[PDB]
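Take a look at the structure set out below.
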Amino acid sequence: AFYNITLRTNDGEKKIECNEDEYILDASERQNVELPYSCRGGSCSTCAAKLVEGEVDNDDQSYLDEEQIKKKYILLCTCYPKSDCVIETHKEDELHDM
Ligand code: FES
Ligand code: NA
Ligand code: NA
């Protein structure tokens, strides 16, 4: 199924949908909502975001440790939505300065 993702970016709030079988980064990009990234493989911190509400499957990621995951951080390049979500983007620095 598809879920509606509310992206709270550094340039306002944007509404985009994403198939539960695809990554949020790719879905966002085709709907013209540019998000940060670099490796696009789940092993770095560039695409870091924070889950405000909703369920996701970000098990394909590998950079974030359990402490960061518990704090709701997710890497959008490898994150599947599992319900409607409200996500804050461009959180790499926040993550870095925890
Ligand atoms: S762009 Fe590197 S983990 Fe997402
Ligand atoms: Na960019
Ligand atoms: Na450092």
Residue count, region 1-16, condition within 12 Å of the chain's Cα centre (by Cα) and within 15 Å of ligand 2 (Cβ to nearest atom), comes to 2
Filter region 40-53 for residues that are within 12 Å of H90 (Cβ to Cβ) and hydroxyl-bearing (S, T, Y); the one that is nearest to ligand 1 (Cβ to nearest atom) is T46
Apart from one, (1) of a type outside the set (F, W, Y); (2) within 16 Å of ligand 2 (Cβ to nearest atom); (3) in a strand (DSSP E or B) all hold for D93; the odd one out is (3)
In region 65-98, anything among the aliphatic types (A, V, I, L, M), over 25 Å from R30 (Cβ atoms) and surrounded by 14 or more Cβ atoms within 10 Å (Cβ to Cβ) is listed as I69, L95
When (1) within 16 Å of ligand 1 (Cβ to nearest atom); (2) part of a strand (DSSP E or B) are applied to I16, the one that fails is (1)
Those residues of region 17-53 which are within 16 Å of ligand 2 (Cβ to nearest atom), among the hydrophobic types (A, V, I, L, M, F, W, C) and surrounded by fewer than 17 Cβ atoms within 10 Å (Cβ to Cβ) amount to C39
In the set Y73, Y37, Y63, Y80, the lone residue that is of a type in the set (F, W, Y), within 9 Å of ligand 1 (Cβ to nearest atom) and out of contact with any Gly (no Cβ under 7 Å at 6 or more places or on another chain) is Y37
*asked:* Any residue at all in region 68-77 that's in contact with a strand residue (DSSP E or B) (Cβ under 9 Å, 6 or more places away or on another chain) and of a type in the set (S, T, N, Q)?
replied: yes
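Bear in mind that the values in this text are calculations on the coordinates, not laboratory data. Every residue, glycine among them, receives a Cβ derived from its backbone with ideal geometry; neighbour counts consider all protein chains shown.
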